[PDB]
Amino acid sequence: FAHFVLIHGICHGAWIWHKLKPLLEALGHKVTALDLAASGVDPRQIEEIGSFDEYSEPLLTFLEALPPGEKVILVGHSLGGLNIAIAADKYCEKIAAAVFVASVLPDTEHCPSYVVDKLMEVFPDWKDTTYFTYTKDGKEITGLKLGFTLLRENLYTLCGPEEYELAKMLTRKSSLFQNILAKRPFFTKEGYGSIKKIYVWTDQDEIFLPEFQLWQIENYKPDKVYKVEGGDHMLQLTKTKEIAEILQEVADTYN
């Protein structure tokens, strides 16, 4: 059996995994679904957070708490692929594999903002998404709150109204920390570069467009690619059984 650690994307929280966690547990696995900083029911506000690395603190702290010899399979969604890379550069030995589900896939050859800048060229219009600025640690940071119409049409395209309602209800303001990411030291070959990486995507994704998702595969070759037919960007909501099937096959492959 495996221990999966489920990692949401920006403006989201552990709650996006509410369908997938019971299914993985019904297969016998251990599952942790974290709220990152200022996300979900985390007490902090985004304006206290000055970088992706501080944003990732609950994942780093969880991994620090793993006793020696315990390995986990990280599963990230959307921007959560970046939290994976940060965690991997400190605790690569605790990571049996990383699975990127409709997610960004950073590399080691370019700066940590690389795949995010590519994402805004491929998808530059975020519809009713609002933006704001705050200063933390001397740097001006642009925060955002995903627009409800963007959520409806581009992320939750195929989700029922009861799932979409949770998003209107629970998504919170966040930030891409895009300028901070550009100046951060590169992810390292020895840490992040060394972990097994499995890339899960759908060409029906209406925000992480096929051009982007395919460019990422070409830019940084995963150890395994699964293409999910159908669904939408919220693959753990619209294709939950398929994702649990893929995760069982990763566990069977990577301990």
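All residue numbers refer to positions in the sequence shown, first residue = 1.
Output the stretch having the higher mean C-alpha B factor in the entry; the candidates are 138-146 and 75-83. The recorded data point to 138-146.
On average, which has the higher Cα B-factor in the deposited entry, 166-174 or 108-116? Mean C-alpha B-factor is greater for 108-116.
Considering only modelled residues of the same chain, in which third does the CA B-factor of residue 56 rank: lowest, middle or highest? It belongs to the lowest third of the chain when residues are ordered by C-alpha B-factor.
Report the third (lowest, middle or highest) to which the CA temperature factor of residue 245 belongs, ranking only the modelled residues of the same chain. Ranked within chain, residue 245 CA B lands in the highest tercile.
What third of its chain, lowest, middle or highest, does the C-alpha temperature factor of residue 100 fall into? Residue 100: CA B-factor falls in the lowest third of its chain.
Among the chain's modelled residues, which third holds the C-alpha B-factor of residue 33? Middle third by C-alpha B-factor.
Which third of the chain does residue 92 land in by C-alpha B-factor: lowest, middle or highest? Its C-alpha B-factor belongs to the highest third of this chain's values.
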